[PDB]
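In: below you'll find the sequence and an experimental structure to go with it.
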Amino acid sequence: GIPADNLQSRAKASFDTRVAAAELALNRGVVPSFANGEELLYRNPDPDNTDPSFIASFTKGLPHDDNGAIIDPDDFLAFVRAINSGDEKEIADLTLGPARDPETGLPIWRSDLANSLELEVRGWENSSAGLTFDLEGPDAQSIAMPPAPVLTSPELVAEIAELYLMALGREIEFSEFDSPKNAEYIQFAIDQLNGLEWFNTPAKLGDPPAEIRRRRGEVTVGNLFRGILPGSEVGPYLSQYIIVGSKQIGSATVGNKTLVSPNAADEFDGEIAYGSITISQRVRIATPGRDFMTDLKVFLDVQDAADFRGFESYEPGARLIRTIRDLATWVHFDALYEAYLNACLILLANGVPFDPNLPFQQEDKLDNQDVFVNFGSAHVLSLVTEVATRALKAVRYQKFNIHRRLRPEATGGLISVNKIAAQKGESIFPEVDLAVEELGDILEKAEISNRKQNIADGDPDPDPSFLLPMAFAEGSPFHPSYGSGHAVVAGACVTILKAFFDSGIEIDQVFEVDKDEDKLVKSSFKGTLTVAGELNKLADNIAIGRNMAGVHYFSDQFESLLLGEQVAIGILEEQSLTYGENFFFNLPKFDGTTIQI
Amino acid sequence: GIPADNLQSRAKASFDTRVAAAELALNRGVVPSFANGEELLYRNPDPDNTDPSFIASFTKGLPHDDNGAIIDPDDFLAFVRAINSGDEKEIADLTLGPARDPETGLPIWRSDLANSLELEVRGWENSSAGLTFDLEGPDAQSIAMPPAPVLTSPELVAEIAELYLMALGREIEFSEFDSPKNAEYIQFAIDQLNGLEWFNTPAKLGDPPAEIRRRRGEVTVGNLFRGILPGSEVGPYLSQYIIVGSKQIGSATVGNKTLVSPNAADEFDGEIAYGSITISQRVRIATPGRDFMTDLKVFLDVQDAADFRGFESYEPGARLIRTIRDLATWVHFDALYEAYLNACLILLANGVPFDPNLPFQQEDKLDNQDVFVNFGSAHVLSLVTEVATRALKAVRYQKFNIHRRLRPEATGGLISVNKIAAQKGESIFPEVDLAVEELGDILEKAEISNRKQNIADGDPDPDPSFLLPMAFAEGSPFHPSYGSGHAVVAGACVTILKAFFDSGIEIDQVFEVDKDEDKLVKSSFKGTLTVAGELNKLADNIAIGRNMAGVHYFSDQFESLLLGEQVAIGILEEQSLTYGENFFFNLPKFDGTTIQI
Amino acid sequence: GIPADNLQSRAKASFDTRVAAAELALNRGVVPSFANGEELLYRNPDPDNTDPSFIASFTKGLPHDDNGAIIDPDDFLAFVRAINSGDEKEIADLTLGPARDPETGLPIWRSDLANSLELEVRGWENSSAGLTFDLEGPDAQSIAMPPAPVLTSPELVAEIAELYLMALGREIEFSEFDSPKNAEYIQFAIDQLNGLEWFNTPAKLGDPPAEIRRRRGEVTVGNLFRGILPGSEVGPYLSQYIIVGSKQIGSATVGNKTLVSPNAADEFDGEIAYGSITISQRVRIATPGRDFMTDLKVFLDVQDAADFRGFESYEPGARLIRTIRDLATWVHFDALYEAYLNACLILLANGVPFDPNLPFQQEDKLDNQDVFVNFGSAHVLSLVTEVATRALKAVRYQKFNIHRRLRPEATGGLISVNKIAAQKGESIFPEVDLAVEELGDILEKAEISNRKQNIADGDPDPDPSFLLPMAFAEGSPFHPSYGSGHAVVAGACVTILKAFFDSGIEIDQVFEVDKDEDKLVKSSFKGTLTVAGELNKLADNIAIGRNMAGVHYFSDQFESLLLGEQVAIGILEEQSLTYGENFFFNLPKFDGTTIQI
Amino acid sequence: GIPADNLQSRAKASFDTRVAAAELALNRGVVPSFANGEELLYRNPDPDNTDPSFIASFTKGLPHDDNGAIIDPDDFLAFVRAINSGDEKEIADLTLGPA
Amino acid sequence: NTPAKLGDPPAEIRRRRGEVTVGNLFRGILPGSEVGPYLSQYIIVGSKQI
Ligand code: VO4
Ligand code: VO4
Ligand code: VO4
Ligand SMILES: [Br-]
Ligand SMILES: [Br-]
Ligand SMILES: [Br-]
Ligand SMILES: [Br-]
Ligand SMILES: [Br-]
Ligand SMILES: [Br-]
Ligand SMILES: [Br-]
Ligand SMILES: [Br-]
Ligand SMILES: [Br-]
Ligand SMILES: [Br-]
Ligand SMILES: [Ca+2]
Ligand SMILES: [Ca+2]
Ligand SMILES: [Ca+2]
Ligand code: NA
Ligand code: NA
Ligand code: NA
Ligand code: NA
Ligand code: NA
Ligand code: NA
Ligand code: NA
Ligand code: NA
Ligand code: NA
Ligand code: NA
Ligand code: NA
Ligand code: NA
Ligand code: NA
């Protein structure tokens, strides 16, 4: 008899498809996640106390002493227990915030500002979302981020130096990075970083492969404050997709005729055609020169859960992203998939082709088939957005269940307290001795910046402060540093977009924000940019925007991007079981190689 | 790796296909069947006897008293037990027939006629066929008919009135329903039925949905004695397929040439070309005006299993169906699939196209493929016949295991005994008081009809009798009333034919039986009939033929048609797993909607 | 504890029953089918062409050269590919018919007749039905027919000789086989066949068992043109069931009284009581002496798909089968199950008992149970018809997927072309040299017959032609020779009927068609015929009728009968799982042994 | 012993969760979809043509006559076949647009 | 201008509309569509700003 397959009911076929996808996911296997060892390494400095200090762990929300170290190790250990169980009652039992006034029930803050505002506490944002399963893609716990840099490492010294330089450079305009008027500061930044071992010495044989992949070399104006995804290094700092508008309704080719939108100019003034309405690329303008958490009392209140959310001031209006601070503002409030949805909408409006390896992408006279639900606009619009929550579950596992890395503000706190004590001949947080020594010149500038801010804030004679100035009043979100929500979602979303579109398409016109006016101008860039390159750049823009705000380190971002790529790939692989057509997505990965899914 | 399926051996693929079909059938779920409550409602009228009477249940074959009520309730309860077990020995233990003569062993009958014939008993026909499984289609027990009308209901009153009117109208010619010569009787029938609540009052919100679907309105000459399937109501009473012949061998189109059969006229004289031989549409002629079971003793003997089968007389010859009695004769002896096989053969000979959604139905120059074994004549010829036994198992379950509804003759027996007693001021079977009151005028006519028959049968001065005259000497088959074998098979078979053919095809010429001669004449009908419509009409013709014989009620037939439709649909659904081709059947269902299988 | 079984839900019991039946079918195992090796044996005779010629394979529809060999081997190889895949688009891509006129799109035929008719092509009838699964019975591919006779074999020589003799004997009346007026021709036929090795020499030890079973011996008037099923050899040529009518409505035994139908005579004039209507055994009369495809151009057009269906002429009226040609006509247009349904109806009307090993077959006073749905008339009427499609799937596999044997007309084509060429000293189709030499006398007669037909057809000076005259204008159906649709269905259907009835019942009166008038007469046969014997004879009648038309060989028929028997047996075996009763069918098989199922 | 549940690996728990969701969806059962009957109801108005007209069916893209009725019913029937198979080559074989 | 009747398809009964008014002209029948202005707030209003 002739070998054959058999049919079954549709319902059973659907069930079997779902089981086959689950089986595929299971058959990938799992890898462990390894932390860097700091959590139980660092011990209480008191000679009659053997307890861990937890100074390099995220402890935002647990009560801290005047040095910024948690008061009671049990507070953190219970937090860890609650992280791994996810039980809501157990979460509700944790210690959050400082001691409360028995008469009013309100937290008693250190700072006059916090007490005058009568601030309440804010809580951890989904501390157990790393336990949540998902109907599609790799399970949150099945993949790993590598150990975070330790406080004593050249990598961390380089990272924190860079964050201070970004903070002090917040009023610099992207289009003026190489302007003579900025040369003193820009060259200072370049020279400072080039003076650090991470940047001026290569990795050595036997170093962790993850370190080798992410380690940076000579700093230049051309790479200053940039990411390392392929494409980020070519042409202007900001991705085309975060400044340009799109082709507008009324511009179209109809047979042999070209119609021109009466609104065509809007493309070149940052208006994205969003269906039949518009998205403006112009960002709200946070008060220039105003930073936060530059006073130790306010800083400690924030570390103790003081809810400063909503405290920023703004100038009227909006403008195409101009300064480093503007990029920080952008990423303060974006929906996490916002940049990539917006890029997708520009690509669609501009008529950038889908992946030619999808079905039905030929002229309809040849294939008798146009695309929409599958392999078309509606498909990619759902797919780019749906991956975000799956990527976030995975990064939550890394953030809370694995690494619990302290946020940059916390590192800056240790540095400040250390430096102040050393000036009096005392050693506090020797763990950051190297950063304090290496960042001397930068910290001198930060001190001056902080005094100015402290005086502006109404303290006529402020204590010296070397804190990392925050772009946001509340500093970081209420979750650990490593990895990043923004960067994991960036990784997943741009992965989908490169997969779905013909990512090799070359962009015709390249723009930048004008040096003098709030408008786009032709870039002086002479090469060719591609969709793939500018999507990678967009991911790096959003990710580094968090660093420029003071809330993530370089390694948080890069490693998160890689994690999000894995999530999106796995979703595509499992979904491929569901289609009858013969096709694949061509995906250029972050590592420079291509996978067909 | 690229997702894939794998091959297996032919044998395993066949096995898996069969399992998948069984799985599909299992996954349909099952529904319960609900009886109307009469079985244990009606009690023995004797004040010292609390037993059920079972007067509204089928008890044909169990010994009855002089009123037609069973003598011993244990007889019926044992019958029920035997129905549910199917054990042959247990069946053989039941009580069947009246007491026997110890000298001859023969049953002792009430009637001189039965004793003179020395009749023996007949037994129940497959009382446990409702337990039989099947290799294809829905299991007999998986589907349901709704509760039957109760004796006290307006519906039952209407039903039994209609049956008496059919009995008294047996010598009326279909083609003369609206002839002035028949106006007195026809108007009597119309007026009587229009005087009944079922017909003259609509269903009300909250009535059972099944009642709402089958309830009839104003009776007219145009709908008198018709069914309600879509198509039955348009044009002449009898389906084309039970009177017309077909195209004959020798009539064909060969390229550009038309050849004409030397036997072409046979088409218009009721000859179906049956391969290279013929089927004659002409029915045998039962003696006009001769009815049966109009004497209470003969009636009770039949109730007590007296085997009167074969006792009818006939005139010589045969004729195209002319009278109501002729349709009764037709359905006395037909193979249950006979009408539909015959219709199928007419459709095939006349070249009516198969469903255009089947494969290979195009001219062969386009598809290189003609049809026969699959999607062609041999296919439909097996499929239309094979569904009959599967449908019959299902209706057996309803008949014997669920509802056990008394046959119309039994209802007429209660009515007659009641009315005779009431004339003497006594109350017997008050359960049918409403029917007796409502049917007064009809019963007056039946009394006169019965006296004439009783005299003809050799009783010079017969007792008054109000029994429902039977077309058949033995009355009903030896099984309960609800549902009907004929009607369930009708439902299943016409379902197959509408599915398999292009049922939307419009019929070119419409015929009727001539008013004066045994011949076809062109119908005066002005509209358009369709294949689907005339197949539905055929099903209603066969089903109502049983009612005209006196053996089923309207509700038995309609509900059975629906049950048979479900059986045929399920068979098609399970069979669809077996083909490699890309196709479906388009099936217009009885409810006016279409399913693609 | 006492060992026990348990109940489950009805629905699960139904499912398990179906799975158990599938398991039973799977556990039978499978056997391979072996072809005779001709397909790649015979090669193109051109010395510069090594390709197979495919001359012994069915290639009807593929374009042929002037000798009747296909023009392009790729045409046949693609046909084979399409056979095994069943893909409708692939089927639509095949080459069918000769080159077409670019102006009209019509095929360009060789013959004036075909061009004058403007014939189109006809396509293959379900070339992939051998891939179709079934819900019941053995899978189409699980069983086998043995290799067909090869062109060079004594068996094939005997087979083709017999077919020519039947063609030349088409006007001989069955009742006059032994009449002195027919003696010259009849003795010629007997002597010719007795001169052939197949008939005059026994099989030898080591010959294939299938050959030994089907090999025939001495030809006599008593076995001339008969089949070899047990029963075919006893009494008159034609089965009682293809000439007699049945008992008629109105003839019945009612208690101690015998009633006689006023239509009783119809039984003895070929009227089958078909419910309350009738089937006439009288067949349409194809023009005596008119054969087809006797001209090489017309023959080649038919081989190239010219659709001559419907081209025959007939005399007015109908008659009980009289001549060999009448049996050919019978089987031209019968529904494949028609003969056996008709026999079943005769058996039922005549009151022939069902198998006594079925339940409930006793008088009802003993068993309290009559039969209808199961073990009765409705049961057998569905079962005999349902087996036909299952048997046809199996024979399609053998026809198309396995053996692809050329039809007899094609063999006659090779013989004619060979003989014509040899007369000019050339060798064409040496493969049929033996047939040409052995059939010399027969071919001389065929030549004369063909010239007469060619002149009648309007060719005043026809080329010599030794083609096998066809009874049908289109010759064979559009599918290979081995096996036969008619014969496989015959095998399956008579198997069911012998199983279901008491096949040992002896028939009381034996009839034949009168020598002078169109009526039945008492046979002079002195022995006893049985139901089983006359059912076997009926199967052989239908099968050999195809051979008498010129469309099958002896071995096609016999082997098909055996295949159909296997299908029906397997259906009965699987269905036996579905009943609760204690019974079996007693089945006398074709090999003379009995199986109880 | 006290009745208990057991743990398994995270990976197996994820797999089992996904299967349980598929099982839930399967256990909902399915229902058929019924069309209104127009597709084969309406016939070609020409007295020598018994074909369906398909006038109440979506036929946008198939060639239409001057009245807006499709020219060739086979165009629509092939479209239906392609709809139910999804085969790209089969789709590419359909008739789209006028001559 | 005529209501559905007993025995009509349930789907018809659910979606069948009655008397047309300026207040329901060209509106849908989802609960809430019938109250207040034609257009949903969410297709004309802006939101609270940063
Ligand atoms: O949303 V973030 O993890 O980039 O703080
Ligand atoms: O064959 V019936 O159940 O219509 O009495
Ligand atoms: O229907 V046949 O295979 O006897 O040509
Ligand atoms: Br399903
Ligand atoms: Br987040
Ligand atoms: Br990968
Ligand atoms: Br196999
Ligand atoms: Br029945
Ligand atoms: Br349905
Ligand atoms: Br159940
Ligand atoms: Br066949
Ligand atoms: Br066997
Ligand atoms: Br695990
Ligand atoms: Ca396209
Ligand atoms: Ca065709
Ligand atoms: Ca019996
Ligand atoms: Na210590
Ligand atoms: Na301001
Ligand atoms: Na791509
Ligand atoms: Na500027
Ligand atoms: Na009582
Ligand atoms: Na056909
Ligand atoms: Na249909
Ligand atoms: Na008349
Ligand atoms: Na050669
Ligand atoms: Na003639
Ligand atoms: Na038998
Ligand atoms: Na004669
Ligand atoms: Na028409």
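Out: Everything's here; your move. Numbers count the residues shown, from 1 in each chain, chains lettered A, B, ... in the order given. Ligands and ions are numbered 1, 2, ... in the order given.
In: ok, how many other residues are close to residue A:173?
Out: Number of residues near residue A:173 (other C-beta atoms under 10 Å in any protein chain shown) recorded here: 17. Bear in mind the C-beta positions are built from the backbone N, C-alpha and C, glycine included.
In: contacting residues for it?
Out: Residue A:173 is in contact with A:179, A:322, A:323, A:513, A:515, counting by C-beta atoms under 8 Å, 6 or more residues apart in numbering or on different chains.
In: between the residues you listed, which sits nearest residue B:218?
Out: Closest to residue B:218 out of the contacts of residue A:173 is residue A:513 (82.3 Å), distances taken as C-beta to C-beta.
In: distance of the closest residue to ligand 7 within the stretch 201-350 of chain A relative to residue A:496?
Out: Of all residues in the stretch 201-350 of chain A, the one sitting closest to ligand 7 is residue A:344 (51.1 Å; C-beta to the ion). Distance from residue A:344 to residue A:496, counting by C-beta to C-beta, to the nearest Å: 9 Å.
In: who touches both of the two?
Out: The overlap between the contact sets of residue A:344 and residue A:496 (C-beta under 8 Å, 6+ apart) consists of A:380, A:384.
In: and those two? which has more neighbours close in?
Out: Shown here are residue A:344 and residue A:496; by other C-beta under 10 Å, residue A:496 has more neighbours (29 against 25).
In: got the phi/psi numbers for the more buried one?
Out: phi -60, psi -40 (degrees, to the nearest 10).
In: mind checking the SS state of residue A:34?
Out: Using DSSP: H, G, I helix; E, B strand; the rest coil, the secondary structure recorded for residue A:34 is coil.
In: for it, grab phi and psi.
Out: phi -110, psi 130.
In: list the contacts for the residue nearest to it when sequence neighbours are not counted?
Out: Nearest residue to residue A:34, sequence neighbours excluded (C-beta to C-beta, 6 or more residues apart in numbering or on different chains): residue A:147, at 5.4 Å. Residues in contact with residue A:147 (C-beta under 8 Å, 6+ apart) are A:34, A:35, A:36, A:37, A:208, A:403.
In: quick one: which two of these are the most distant?
Out: Pairwise over the contacts of residue A:147, using C-beta to C-beta, the maximum falls at A:208 and A:403, 14.7 Å.
In: so for these two, which sits in the more crowded spot?
Out: residue A:403 (26 against 12).
In: any idea how far ligand 16 is from the more buried one?
Out: 85 Å (C-beta to the ion, to the nearest Å).
In: again with residue A:302
Out: Distance from residue A:302 to ligand 16, by C-beta to the ion: 96 Å.
In: helices or strands up against the host helix or strand of that residue?
Out: If you go by DSSP states H and E, residue A:302 is part of helix A:296-303. In terms of contacts (3 or more C-beta pairs under 8 Å, 6 or more residues apart in numbering or on different chains; DSSP states H and E), helix A:296-303 is packed against helix A:112-117, helix A:408-423.
In: for chain A, which residue gets nearest to ligand 16?
Out: Taking C-beta to the ion, chain A has residue A:9 as its residue nearest ligand 16, at 41.8 Å.
In: dump the residue contacts of the closest residue to ligand 26 within the stretch 351-500 of chain A.
Out: Nearest residue of the stretch 351-500 of chain A to ligand 26 (C-beta to the ion) works out as residue A:368 at 53.5 Å. Neighbouring residues of residue A:368 by C-beta under 8 Å, 6+ apart: D:91, D:92, D:93, D:94, D:96.
In: mind redoing it with 7 Å?
Out: With contact taken as C-beta atoms under 7 Å, 6 or more residues apart in numbering or on different chains, residue A:368 is in contact with D:91, D:92, D:94, D:96.
In: what helices or strands is the helix or strand hosting the residue of the stretch 201-350 of chain A closest to ligand 7 leaning on?
Out: Assigned by DSSP H and E, residue A:344 falls within helix A:338-349. Under the contact criterion of 3 or more C-beta pairs under 7 Å, 6 or more residues apart in numbering or on different chains; DSSP states H and E, helix A:338-349 touches strand A:271-274, helix A:377-396, helix A:485-500, helix A:531-549.
In: check which element follows the longest helix seen in chain A along the chain.
Out: When chain A is parsed with DSSP state H, its longest helix is helix A:554-575. Following helix A:554-575 in sequence order, the next helix or strand is strand A:586-588 (DSSP H and E).
In: does that following strand come close to ligand 19?
Out: Yes. Using C-beta under 5 Å from the ion, strand A:586-588 reaches ligand 19 at residue A:586.
In: dihedrals phi and psi, whichever residue of the stretch 301-450 of chain A sits closest to ligand 3?
Out: Per C-beta to the nearest ligand atom, residue A:368 is where the stretch 301-450 of chain A lies closest to ligand 3, at 39.7 Å. Reported as degrees, to the nearest 10, the phi and psi values for residue A:368 are phi 60, psi 30.
In: what sits against the residue nearest to residue A:99 when sequence neighbours are not counted?
Out: The shortest distance from residue A:99 to any non-neighbouring residue, by C-beta to C-beta, 6+ apart, is to residue A:108 (5.6 Å). Applying C-beta under 7 Å, 6+ apart, we find residue A:108 in contact with A:98, A:99, A:100, A:101.
In: try it again with 8 Å
Out: With C-beta under 8 Å, 6+ apart, residue A:108 has these contacts: A:98, A:99, A:100, A:101, A:115.
In: of all the helices and strands packed on helix A:338-349, which lies closest to ligand 24?
Out: When these are ranked by proximity to ligand 24 (C-beta to the ion), helix A:377-396 comes first, at 69.3 Å.
In: list the buried residues for that closest one?
Out: A:379-380, A:383-396 (16 or more other C-beta atoms under 10 Å in any protein chain shown).
In: tabulate the contacts of residue A:173 (TSV), appending distance to ligand 19.
Out: Shown next, in TSV, are the contacts of residue A:173 (distance: C-beta to the ion, whole Å):
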residue	distance to ligand 19
A:179	38
A:322	33
A:323	34
A:513	29
A:515	35
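In: can I get these in JSON lines with distance to chain C and secondary structure?
Out: Below are the contacts of residue A:173 laid out as JSON lines (distance: C-beta to the nearest C-beta, whole Å; DSSP: H, G, I helix; E, B strand; the rest coil):
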{"residue": "A:179", "distance to chain C": "67", "secondary structure": "coil"}
{"residue": "A:322", "distance to chain C": "61", "secondary structure": "coil"}
{"residue": "A:323", "distance to chain C": "63", "secondary structure": "strand"}
{"residue": "A:513", "distance to chain C": "57", "secondary structure": "strand"}
{"residue": "A:515", "distance to chain C": "63", "secondary structure": "coil"}
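In: the residue of chain A closest to ligand 16 against residue B:24, yeah?
Out: Yes. Between residue A:9 and residue B:24 there is a contact under C-beta atoms under 8 Å: 4.6 Å.
In: what touches both of the two?
Out: residue B:577.
In: the helices in the stretch 151-300 of chain A, which residues?
Out: A:154-168, A:183-194, A:197-200, A:209-214, A:296-303 (DSSP state H, counting those that start in this stretch).
In: could those helices go into JSON lines alongside mean neighbour count?
Out: Rendered in JSON lines, the data for those read as follows (neighbours: other C-beta atoms under 10 Å in any protein chain shown):
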{"stretch": "helix A:154-168", "mean neighbour count": "24"}
{"stretch": "helix A:183-194", "mean neighbour count": "16"}
{"stretch": "helix A:197-200", "mean neighbour count": "17"}
{"stretch": "helix A:209-214", "mean neighbour count": "15"}
{"stretch": "helix A:296-303", "mean neighbour count": "25"}
